[PDB]
$ cat run.pdb   # PDB, C-alpha atoms
ATOM      1  CA  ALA A   3      10.058 -14.363  39.980
ATOM      2  CA  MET A   4      11.077 -17.689  41.553
ATOM      3  CA  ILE A   5       8.386 -17.760  44.195
ATOM      4  CA  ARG A   6       4.618 -17.307  43.605
ATOM      5  CA  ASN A   7       3.340 -18.879  46.856
ATOM      6  CA  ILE A   8       4.526 -18.695  50.444
ATOM      7  CA  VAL A   9       3.439 -21.111  53.192
ATOM      8  CA  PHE A  10       4.035 -20.346  56.870
ATOM      9  CA  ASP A  11       3.857 -22.414  60.022
ATOM     10  CA  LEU A  12       2.142 -20.689  62.965
ATOM     11  CA  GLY A  13       3.964 -21.919  66.085
ATOM     12  CA  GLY A  14       7.676 -21.096  65.975
ATOM     13  CA  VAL A  15       7.490 -18.976  62.833
ATOM     14  CA  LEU A  16       4.729 -16.415  63.663
ATOM     15  CA  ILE A  17       4.170 -17.081  67.364
ATOM     16  CA  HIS A  18       7.289 -17.520  69.523
ATOM     17  CA  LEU A  19       6.796 -20.542  71.758
ATOM     18  CA  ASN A  20       7.628 -21.329  75.384
ATOM     19  CA  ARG A  21       7.095 -25.016  76.132
ATOM     20  CA  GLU A  22       8.444 -24.800  79.719
ATOM     21  CA  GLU A  23       5.634 -22.422  80.679
ATOM     22  CA  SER A  24       2.956 -24.712  79.285
ATOM     23  CA  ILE A  25       4.713 -27.599  81.135
ATOM     24  CA  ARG A  26       4.431 -25.475  84.347
ATOM     25  CA  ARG A  27       0.681 -24.837  83.871
ATOM     26  CA  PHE A  28      -0.042 -28.509  83.051
ATOM     27  CA  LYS A  29       1.735 -29.626  86.221
ATOM     28  CA  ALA A  30      -0.326 -27.157  88.278
ATOM     29  CA  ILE A  31      -3.566 -28.824  87.056
ATOM     30  CA  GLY A  32      -2.322 -32.361  87.836
ATOM     31  CA  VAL A  33      -0.946 -33.453  84.451
ATOM     32  CA  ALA A  34       2.275 -34.644  86.096
ATOM     33  CA  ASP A  35       3.769 -36.762  83.295
ATOM     34  CA  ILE A  36       3.189 -33.834  80.894
ATOM     35  CA  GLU A  37       6.808 -33.417  79.816
ATOM     36  CA  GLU A  38       6.950 -36.926  78.394
ATOM     37  CA  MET A  39       3.379 -36.613  77.014
ATOM     38  CA  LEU A  40       4.561 -33.532  75.057
ATOM     39  CA  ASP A  41       7.865 -35.069  73.803
ATOM     40  CA  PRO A  42       8.473 -36.168  70.097
ATOM     41  CA  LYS A  46       1.317 -42.642  69.821
ATOM     42  CA  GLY A  47      -0.271 -40.235  72.293
ATOM     43  CA  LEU A  48      -3.402 -38.285  73.079
ATOM     44  CA  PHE A  49      -1.769 -34.929  72.394
ATOM     45  CA  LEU A  50      -1.218 -36.288  68.875
ATOM     46  CA  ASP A  51      -4.876 -37.348  68.785
ATOM     47  CA  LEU A  52      -5.641 -33.724  69.616
ATOM     48  CA  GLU A  53      -3.497 -32.190  66.738
ATOM     49  CA  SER A  54      -4.520 -34.714  64.165
ATOM     50  CA  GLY A  55      -8.228 -34.364  64.904
ATOM     51  CA  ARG A  56      -8.514 -38.072  65.759
ATOM     52  CA  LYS A  57      -9.998 -37.067  69.119
ATOM     53  CA  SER A  58     -12.220 -34.016  69.344
ATOM     54  CA  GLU A  59     -11.470 -31.450  72.062
ATOM     55  CA  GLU A  60     -14.192 -33.027  74.269
ATOM     56  CA  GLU A  61     -12.796 -36.515  73.677
ATOM     57  CA  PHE A  62      -9.170 -35.525  74.457
ATOM     58  CA  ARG A  63     -10.115 -33.838  77.713
ATOM     59  CA  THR A  64     -12.280 -36.756  78.817
ATOM     60  CA  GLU A  65      -9.356 -39.114  78.201
ATOM     61  CA  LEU A  66      -6.837 -36.731  79.811
ATOM     62  CA  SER A  67      -9.073 -36.482  82.895
ATOM     63  CA  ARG A  68      -9.221 -40.309  83.053
ATOM     64  CA  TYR A  69      -5.413 -40.344  82.636
ATOM     65  CA  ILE A  70      -4.637 -38.108  85.622
ATOM     66  CA  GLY A  71      -7.626 -39.209  87.757
ATOM     67  CA  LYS A  72      -8.947 -35.650  87.904
ATOM     68  CA  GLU A  73     -11.633 -33.756  85.977
ATOM     69  CA  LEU A  74     -10.305 -30.955  83.756
ATOM     70  CA  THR A  75     -12.472 -28.306  82.159
ATOM     71  CA  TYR A  76     -12.103 -26.700  78.745
ATOM     72  CA  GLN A  77     -10.893 -23.497  80.430
ATOM     73  CA  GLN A  78      -8.175 -25.274  82.438
ATOM     74  CA  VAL A  79      -6.614 -27.017  79.463
ATOM     75  CA  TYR A  80      -7.063 -24.041  77.192
ATOM     76  CA  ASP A  81      -5.227 -21.905  79.797
ATOM     77  CA  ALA A  82      -2.352 -24.429  80.089
ATOM     78  CA  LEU A  83      -1.958 -24.877  76.337
ATOM     79  CA  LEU A  84      -1.925 -21.123  75.863
ATOM     80  CA  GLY A  85       1.163 -21.004  78.151
ATOM     81  CA  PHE A  86       3.008 -22.067  74.981
ATOM     82  CA  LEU A  87       2.297 -18.729  73.269
ATOM     83  CA  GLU A  88       5.070 -16.380  74.395
ATOM     84  CA  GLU A  89       4.748 -13.785  71.620
ATOM     85  CA  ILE A  90       2.279 -13.274  68.808
ATOM     86  CA  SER A  91       4.504 -11.313  66.385
ATOM     87  CA  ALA A  92       2.567  -8.224  65.343
ATOM     88  CA  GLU A  93       5.422  -7.203  62.989
ATOM     89  CA  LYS A  94       5.555 -10.555  61.175
ATOM     90  CA  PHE A  95       1.788 -10.381  60.646
ATOM     91  CA  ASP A  96       2.176  -6.833  59.326
ATOM     92  CA  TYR A  97       4.891  -8.076  56.955
ATOM     93  CA  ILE A  98       2.734 -10.975  55.784
ATOM     94  CA  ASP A  99      -0.077  -8.508  55.229
ATOM     95  CA  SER A 100       2.207  -6.550  52.866
ATOM     96  CA  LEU A 101       2.859  -9.720  50.888
ATOM     97  CA  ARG A 102      -0.764 -10.404  49.934
ATOM     98  CA  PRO A 103      -1.119  -8.500  46.730
ATOM     99  CA  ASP A 104       2.057 -10.053  45.253
ATOM    100  CA  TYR A 105       1.840 -13.646  46.492
ATOM    101  CA  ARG A 106      -0.568 -16.338  47.372
ATOM    102  CA  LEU A 107      -0.176 -16.918  51.120
ATOM    103  CA  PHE A 108      -0.973 -20.047  53.077
ATOM    104  CA  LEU A 109      -0.658 -21.357  56.616
ATOM    105  CA  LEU A 110       0.285 -24.996  57.196
ATOM    106  CA  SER A 111       0.167 -25.708  60.884
ATOM    107  CA  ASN A 112       0.079 -28.543  63.403
ATOM    108  CA  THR A 113      -2.283 -27.083  65.934
ATOM    109  CA  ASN A 114      -5.145 -27.843  68.261
ATOM    110  CA  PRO A 115      -8.754 -26.495  68.607
ATOM    111  CA  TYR A 116      -7.796 -24.249  71.591
ATOM    112  CA  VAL A 117      -5.170 -22.262  69.691
ATOM    113  CA  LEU A 118      -7.594 -22.082  66.780
ATOM    114  CA  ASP A 119     -10.321 -20.734  69.069
ATOM    115  CA  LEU A 120      -7.829 -17.996  70.094
ATOM    116  CA  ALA A 121      -6.642 -17.358  66.534
ATOM    117  CA  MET A 122     -10.170 -16.912  65.186
ATOM    118  CA  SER A 123     -11.183 -14.424  67.888
ATOM    119  CA  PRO A 124     -10.765 -10.619  67.923
ATOM    120  CA  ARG A 125      -8.238 -11.093  70.781
ATOM    121  CA  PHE A 126      -5.549 -12.737  68.690
ATOM    122  CA  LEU A 127      -3.856  -9.478  67.533
ATOM    123  CA  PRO A 128      -3.959  -5.856  68.657
ATOM    124  CA  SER A 129      -5.538  -5.097  65.305
ATOM    125  CA  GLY A 130      -8.475  -7.464  65.947
ATOM    126  CA  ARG A 131      -7.617  -9.331  62.773
ATOM    127  CA  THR A 132      -8.321 -13.036  62.594
ATOM    128  CA  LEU A 133      -5.675 -15.530  61.577
ATOM    129  CA  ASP A 134      -7.747 -16.570  58.572
ATOM    130  CA  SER A 135      -7.660 -12.984  57.259
ATOM    131  CA  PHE A 136      -3.889 -13.065  56.401
ATOM    132  CA  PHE A 137      -3.974 -16.148  54.190
ATOM    133  CA  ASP A 138      -5.664 -17.264  51.045
ATOM    134  CA  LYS A 139      -6.209 -20.433  53.057
ATOM    135  CA  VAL A 140      -5.417 -21.976  56.449
ATOM    136  CA  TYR A 141      -4.397 -25.621  56.543
ATOM    137  CA  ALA A 142      -4.749 -26.835  60.138
ATOM    138  CA  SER A 143      -3.865 -30.386  61.168
ATOM    139  CA  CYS A 144      -6.896 -30.845  63.470
ATOM    140  CA  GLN A 145      -9.297 -29.624  60.776
ATOM    141  CA  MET A 146      -7.857 -32.014  58.211
ATOM    142  CA  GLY A 147      -7.358 -35.219  60.167
ATOM    143  CA  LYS A 148      -3.672 -35.169  59.081
ATOM    144  CA  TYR A 149      -0.406 -33.839  60.509
ATOM    145  CA  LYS A 150       3.078 -32.883  59.532
ATOM    146  CA  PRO A 151       5.506 -34.317  58.782
ATOM    147  CA  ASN A 152       3.392 -36.809  56.798
ATOM    148  CA  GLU A 153       3.198 -36.164  53.061
ATOM    149  CA  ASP A 154      -0.592 -36.547  53.026
ATOM    150  CA  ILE A 155      -1.106 -33.119  54.629
ATOM    151  CA  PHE A 156       1.235 -31.471  52.067
ATOM    152  CA  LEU A 157      -0.569 -33.283  49.255
ATOM    153  CA  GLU A 158      -4.069 -32.211  50.372
ATOM    154  CA  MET A 159      -2.734 -28.606  50.483
ATOM    155  CA  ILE A 160      -1.249 -28.871  46.947
ATOM    156  CA  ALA A 161      -4.475 -30.356  45.525
ATOM    157  CA  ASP A 162      -6.701 -27.791  47.280
ATOM    158  CA  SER A 163      -4.614 -24.661  46.546
ATOM    159  CA  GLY A 164      -3.104 -25.637  43.192
ATOM    160  CA  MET A 165       0.356 -24.512  44.316
ATOM    161  CA  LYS A 166       3.363 -25.852  42.418
ATOM    162  CA  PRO A 167       5.998 -26.890  45.025
ATOM    163  CA  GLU A 168       8.840 -25.459  42.937
ATOM    164  CA  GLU A 169       7.085 -22.086  42.988
ATOM    165  CA  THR A 170       6.410 -22.187  46.713
ATOM    166  CA  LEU A 171       8.488 -21.049  49.699
ATOM    167  CA  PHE A 172       7.796 -23.111  52.888
ATOM    168  CA  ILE A 173       8.753 -21.474  56.212
ATOM    169  CA  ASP A 174       8.790 -23.898  59.153
ATOM    170  CA  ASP A 175      11.001 -24.231  62.250
ATOM    171  CA  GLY A 176      10.382 -27.986  62.335
ATOM    172  CA  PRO A 177      13.313 -29.905  60.850
ATOM    173  CA  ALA A 178      11.096 -32.943  59.969
ATOM    174  CA  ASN A 179       8.490 -30.643  58.377
ATOM    175  CA  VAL A 180      11.229 -28.953  56.278
ATOM    176  CA  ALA A 181      12.698 -32.333  55.246
ATOM    177  CA  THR A 182       9.250 -33.409  53.947
ATOM    178  CA  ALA A 183       8.762 -30.152  52.009
ATOM    179  CA  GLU A 184      12.229 -30.580  50.426
ATOM    180  CA  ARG A 185      11.321 -34.146  49.435
ATOM    181  CA  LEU A 186       8.174 -32.830  47.722
ATOM    182  CA  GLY A 187      10.060 -30.114  45.794
ATOM    183  CA  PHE A 188       9.395 -26.991  47.935
ATOM    184  CA  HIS A 189      11.792 -24.123  48.562
ATOM    185  CA  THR A 190      12.279 -24.134  52.308
ATOM    186  CA  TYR A 191      13.505 -21.850  55.052
ATOM    187  CA  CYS A 192      13.980 -23.068  58.662
ATOM    188  CA  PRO A 193      13.874 -20.215  61.163
ATOM    189  CA  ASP A 194      14.506 -20.600  64.861
ATOM    190  CA  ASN A 195      11.671 -20.261  67.324
ATOM    191  CA  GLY A 196      11.820 -16.470  67.975
ATOM    192  CA  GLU A 197      14.090 -15.437  65.069
ATOM    193  CA  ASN A 198      13.348 -12.204  63.155
ATOM    194  CA  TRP A 199      13.281 -13.687  59.690
ATOM    195  CA  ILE A 200      11.754 -10.731  57.851
ATOM    196  CA  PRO A 201      15.081  -9.516  56.370
ATOM    197  CA  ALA A 202      16.115 -13.052  55.218
ATOM    198  CA  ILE A 203      12.717 -13.846  53.684
ATOM    199  CA  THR A 204      12.556 -10.349  52.001
ATOM    200  CA  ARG A 205      15.867 -11.457  50.433
ATOM    201  CA  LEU A 206      14.635 -14.841  49.226
ATOM    202  CA  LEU A 207      11.649 -13.215  47.513
ATOM    203  CA  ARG A 208      14.008 -10.953  45.502
ATOM    204  CA  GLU A 209      15.421 -13.916  43.540
ATOM    205  CA  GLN A 210      14.851 -14.766  39.855
TER     206      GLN A 210
END
$ encode --input "run.pdb" --output "structure tokens"
Amino acid sequence: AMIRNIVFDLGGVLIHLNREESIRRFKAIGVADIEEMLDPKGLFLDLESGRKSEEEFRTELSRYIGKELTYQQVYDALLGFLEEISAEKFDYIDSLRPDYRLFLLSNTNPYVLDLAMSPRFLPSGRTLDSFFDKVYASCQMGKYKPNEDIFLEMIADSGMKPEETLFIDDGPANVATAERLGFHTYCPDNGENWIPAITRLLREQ
């Protein structure tokens, strides 16, 4: 076979996202300039990249809006992003494990990770970590897509050959970097059922 390893993003690929809803929740707790804060420097980047801890980001965000925000408040607003956790795509990934090495490469924050590593993430009670040989999370690594450093740490740690790896990410810049490094890529839409198309890619010799 072509492909020995498959790497998935979380947001977009496995969890359908709804940014508007998170924008709504952030506004309701006083983060008024949220829409520009969340647009593609910034403390939301400090949050993904691990540069600020959760505690540090919230302290600064509180200072920024002139209002004290709790863990629970921000957690609740960030989780407005998560419109559907695809049970069927996790089931499909679970079927892939004996035949492939499976990895997650995700820009994400401690809040989503707290959710993902709980028994409330999926109806099955299965943790995110349980579907992959390894999880590569921006905030755990101090690095973030689309920089090459995060891809390179992943390669070194897993031993995956890029030309034997399929990278599934809805982020155009993330895909462009994986192409540059020699990965097979597929760029789904946020909310697309990509199971048939991926099942196809894996068939190839």
$ atom_distance --input "run.pdb" --atom1 "atom CA of residue A:89" --atom2 "atom CA of residue A:26"
17.3 Å
$ residues_around --input "run.pdb" --residues "residue A:37" --least-positions-apart "3" --cutoff "10 Å" --atoms "all atoms listed in the file" --output "list in words"
residues 21, 22, 24, 25, 26, 28, 29, 33, 34, 40 and 41 of chain A
$ closest_atom_pairs --input "run.pdb" --of "stretch 138-186 of chain A" --to "stretch 192-203 of chain A" --cutoff "12 Å" --atoms "all atoms listed in the file" --output "tab-separated table"
residue	atom	partner	partner_atom	distance
A:171	CA	A:203	CA	9.3
A:172	CA	A:192	CA	8.5
A:173	CA	A:192	CA	6.0
A:174	CA	A:192	CA	5.3
A:175	CA	A:192	CA	4.8
A:176	CA	A:192	CA	7.1
A:177	CA	A:192	CA	7.2
A:178	CA	A:192	CA	10.4
A:179	CA	A:192	CA	9.4
A:180	CA	A:192	CA	6.9
A:181	CA	A:192	CA	10.0
A:183	CA	A:192	CA	11.0
A:184	CA	A:192	CA	11.3
$ atom_distance --input "run.pdb" --atom1 "atom CA of residue A:64" --atom2 "atom CA of residue A:52"
11.7 Å
$ resolve_selection --input "run.pdb" --expression "the PyMOL selection byres ((chain A and resi 188) around 6)" --output "ChimeraX atom specification"
/A:167-168,170,183-184,186-187,189-190
$ residues_around --input "run.pdb" --residues "stretch 121-130 of chain A" --least-positions-apart "3" --cutoff "9 Å" --atoms "only C-alpha atoms" --output "VMD selection string"
chain A and resid 90 to 92 95 116 to 118 133 to 134
$ resolve_selection --input "run.pdb" --expression "the PyMOL selection byres ((chain A and resi 31) around 12)" --output "list in words"
residues 24, 25, 26, 27, 28, 29, 30, 32, 33, 34, 35, 36, 66, 67, 70, 71, 72, 73, 74, 75, 77, 78, 79, 80, 81, 82 and 83 of chain A
$ closest_residue --input "run.pdb" --among "A:96, A:209, A:154, A:162" --to "residue A:131" --atoms "all atoms listed in the file"
A:96
$ atom_distance --input "run.pdb" --atom1 "atom CA of residue A:18" --atom2 "atom CA of residue A:115"
18.4 Å
$ closest_residue --input "run.pdb" --among "A:142, A:114, A:8, A:135" --to "residue A:58" --atoms "only C-alpha atoms"
A:114
$ axis_aligned_box --input "run.pdb" --around "stretch 196-202 of chain A" --padding-each-side "6 Å" --output "JSON"
{"center_x": 13.9, "center_y": -13.0, "center_z": 61.6, "size_x": 16.4, "size_y": 19.0, "size_z": 24.8}
$ closest_residue --input "run.pdb" --among "A:182, A:110, A:207, A:19" --to "residue A:88" --atoms "only C-alpha atoms"
A:19
$ build_atoms --input "run.pdb" --residues "stretch 169-192 of chain A" --atoms "N, CA, C and O atoms" --output "JSON list (two decimals), in the frame of the given file"
[["chain", "number", "residue", "atom", "x", "y", "z"],
["A", 169, "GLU", "N", 7.38, -23.51, 43.00],
["A", 169, "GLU", "CA", 7.08, -22.09, 42.99],
["A", 169, "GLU", "C", 6.71, -21.60, 44.38],
["A", 169, "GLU", "O", 6.25, -20.48, 44.55],
["A", 170, "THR", "N", 6.90, -22.46, 45.37],
["A", 170, "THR", "CA", 6.41, -22.19, 46.71],
["A", 170, "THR", "C", 7.55, -22.14, 47.72],
["A", 170, "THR", "O", 8.41, -23.01, 47.71],
["A", 171, "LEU", "N", 7.54, -21.12, 48.59],
["A", 171, "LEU", "CA", 8.49, -21.05, 49.70],
["A", 171, "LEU", "C", 7.81, -21.51, 50.99],
["A", 171, "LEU", "O", 6.77, -20.98, 51.35],
["A", 172, "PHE", "N", 8.38, -22.51, 51.66],
["A", 172, "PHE", "CA", 7.80, -23.11, 52.89],
["A", 172, "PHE", "C", 8.63, -22.73, 54.09],
["A", 172, "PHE", "O", 9.84, -23.00, 54.13],
["A", 173, "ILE", "N", 8.01, -22.04, 55.06],
["A", 173, "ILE", "CA", 8.75, -21.47, 56.21],
["A", 173, "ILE", "C", 8.29, -22.18, 57.47],
["A", 173, "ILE", "O", 7.16, -21.98, 57.94],
["A", 174, "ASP", "N", 9.15, -23.05, 58.00],
["A", 174, "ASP", "CA", 8.79, -23.90, 59.15],
["A", 174, "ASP", "C", 10.04, -24.13, 59.99],
["A", 174, "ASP", "O", 11.10, -24.35, 59.44],
["A", 175, "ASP", "N", 9.90, -24.09, 61.31],
["A", 175, "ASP", "CA", 11.00, -24.23, 62.25],
["A", 175, "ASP", "C", 11.22, -25.69, 62.60],
["A", 175, "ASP", "O", 12.16, -26.03, 63.32],
["A", 176, "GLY", "N", 10.32, -26.55, 62.12],
["A", 176, "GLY", "CA", 10.38, -27.99, 62.34],
["A", 176, "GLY", "C", 11.24, -28.69, 61.31],
["A", 176, "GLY", "O", 10.83, -28.83, 60.14],
["A", 177, "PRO", "N", 12.42, -29.17, 61.74],
["A", 177, "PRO", "CA", 13.31, -29.90, 60.85],
["A", 177, "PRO", "C", 12.64, -31.02, 60.04],
["A", 177, "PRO", "O", 12.90, -31.13, 58.85],
["A", 178, "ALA", "N", 11.79, -31.84, 60.68],
["A", 178, "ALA", "CA", 11.10, -32.94, 59.97],
["A", 178, "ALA", "C", 10.09, -32.41, 58.96],
["A", 178, "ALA", "O", 9.93, -32.96, 57.91],
["A", 179, "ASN", "N", 9.42, -31.32, 59.29],
["A", 179, "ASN", "CA", 8.49, -30.64, 58.38],
["A", 179, "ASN", "C", 9.22, -30.10, 57.12],
["A", 179, "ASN", "O", 8.76, -30.33, 55.99],
["A", 180, "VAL", "N", 10.33, -29.39, 57.35],
["A", 180, "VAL", "CA", 11.23, -28.95, 56.28],
["A", 180, "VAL", "C", 11.75, -30.08, 55.39],
["A", 180, "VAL", "O", 11.70, -29.99, 54.15],
["A", 181, "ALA", "N", 12.25, -31.15, 56.01],
["A", 181, "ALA", "CA", 12.70, -32.33, 55.25],
["A", 181, "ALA", "C", 11.59, -32.89, 54.32],
["A", 181, "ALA", "O", 11.86, -33.25, 53.18],
["A", 182, "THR", "N", 10.35, -32.92, 54.79],
["A", 182, "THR", "CA", 9.25, -33.41, 53.95],
["A", 182, "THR", "C", 8.95, -32.44, 52.81],
["A", 182, "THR", "O", 8.68, -32.88, 51.69],
["A", 183, "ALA", "N", 9.00, -31.14, 53.08],
["A", 183, "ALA", "CA", 8.76, -30.15, 52.01],
["A", 183, "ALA", "C", 9.86, -30.17, 50.94],
["A", 183, "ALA", "O", 9.57, -30.05, 49.73],
["A", 184, "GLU", "N", 11.11, -30.35, 51.37],
["A", 184, "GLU", "CA", 12.23, -30.58, 50.43],
["A", 184, "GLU", "C", 12.00, -31.78, 49.51],
["A", 184, "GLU", "O", 12.20, -31.69, 48.32],
["A", 185, "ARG", "N", 11.55, -32.88, 50.11],
["A", 185, "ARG", "CA", 11.32, -34.15, 49.44],
["A", 185, "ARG", "C", 10.26, -33.96, 48.33],
["A", 185, "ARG", "O", 10.37, -34.52, 47.24],
["A", 186, "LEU", "N", 9.25, -33.14, 48.63],
["A", 186, "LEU", "CA", 8.17, -32.83, 47.72],
["A", 186, "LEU", "C", 8.47, -31.73, 46.69],
["A", 186, "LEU", "O", 7.62, -31.46, 45.83],
["A", 187, "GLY", "N", 9.63, -31.09, 46.79],
["A", 187, "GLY", "CA", 10.06, -30.11, 45.79],
["A", 187, "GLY", "C", 9.88, -28.65, 46.17],
["A", 187, "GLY", "O", 10.12, -27.77, 45.33],
["A", 188, "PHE", "N", 9.47, -28.37, 47.42],
["A", 188, "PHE", "CA", 9.40, -26.99, 47.94],
["A", 188, "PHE", "C", 10.76, -26.32, 48.13],
["A", 188, "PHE", "O", 11.75, -27.00, 48.40],
["A", 189, "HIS", "N", 10.79, -25.00, 47.95],
["A", 189, "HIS", "CA", 11.79, -24.12, 48.56],
["A", 189, "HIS", "C", 11.48, -24.05, 50.04],
["A", 189, "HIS", "O", 10.31, -23.97, 50.41],
["A", 190, "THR", "N", 12.51, -24.16, 50.87],
["A", 190, "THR", "CA", 12.28, -24.13, 52.31],
["A", 190, "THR", "C", 13.14, -23.08, 52.98],
["A", 190, "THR", "O", 14.18, -22.67, 52.44],
["A", 191, "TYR", "N", 12.67, -22.62, 54.13],
["A", 191, "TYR", "CA", 13.50, -21.85, 55.05],
["A", 191, "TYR", "C", 13.16, -22.29, 56.48],
["A", 191, "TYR", "O", 12.00, -22.44, 56.79],
["A", 192, "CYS", "N", 14.18, -22.53, 57.31],
["A", 192, "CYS", "CA", 13.98, -23.07, 58.66],
["A", 192, "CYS", "C", 14.44, -22.04, 59.69],
["A", 192, "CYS", "O", 15.61, -22.01, 60.08]]
